[PDB]
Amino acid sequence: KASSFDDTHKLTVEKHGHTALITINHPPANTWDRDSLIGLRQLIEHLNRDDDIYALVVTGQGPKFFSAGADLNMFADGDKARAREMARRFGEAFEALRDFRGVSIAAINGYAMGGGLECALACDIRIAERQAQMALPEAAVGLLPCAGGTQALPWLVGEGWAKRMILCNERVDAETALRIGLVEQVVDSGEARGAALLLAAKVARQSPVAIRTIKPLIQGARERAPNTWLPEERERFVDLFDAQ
């Protein structure tokens, strides 16, 4: 899928059924840069226009790294202007992945730190390998998680654990992540990608138009309290009842 456009070779896309497998391919640490952040946004835009795609899996190339976060080549020095543009690209890329019209599954096959973890927080579901370690260590260098980490992390794991990770710089492993809600499924070494593609196959058995309508409803509390969406819930239910 994404068969043709200027897609960076740092992001490989393969079609497996109704599922798009995205692999971060940037050695040695599967780090995110400008080229890949631009390609990610564009790629999500085309997958939202591909009606053959009901699901999405992203994972890191190789067995060691899911993603080590932001390249150092970007928050270089130095340039104040670079930093701002880079924070922009992270938001645009990960908000787009967040707004994927199907379901997105993060197959955490290793270290997911900083921006790599924020990328997985951007996905709908996370599947981590037993040895995987995740953290947001930006405060250690006087910075912060600018790709949504300050909001997404406490959203799943709660404020206590979120500031244990960000404010105290403590990393967590897959089994601790499962205990606190950061991940939904722990699997053995080398089983995330596979596990993710198989969970992405269960989605292709559901009505795609129902998935696309339901998902924004589930994320409703991210912009507005849940009770404010209940009338909208019935309305989209009737919209789904129409057209069988």
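All residue numbers refer to positions in the sequence shown, first residue = 1.
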Of 220 to 228 and 6 to 14, the one with larger mean CA B-factor: 6 to 14
Higher-B stretch (mean Cα B-factor, as the entry records it), 175 to 183 or 40 to 48: 40 to 48
Residue of maximum C-alpha B factor among 155, 94, 75, 161, per deposited coordinates: 75
Highest-ranked of 130, 80, 126, 98 once sorted by CA temperature factor in the record: 80
Residue 148 CA temperature factor, ranked by third within the chain: lowest
Assigned third (lowest, middle, highest) for the C-alpha B factor of residue 29: highest
Residue 195 by Cα B-factor - lowest, middle or highest third of the modelled chain: middle
Cα B factor band for residue 165 (lowest, middle or highest third within the chain): lowest
Modelled-residue ranking by C-alpha temperature factor, third containing residue 110: highest
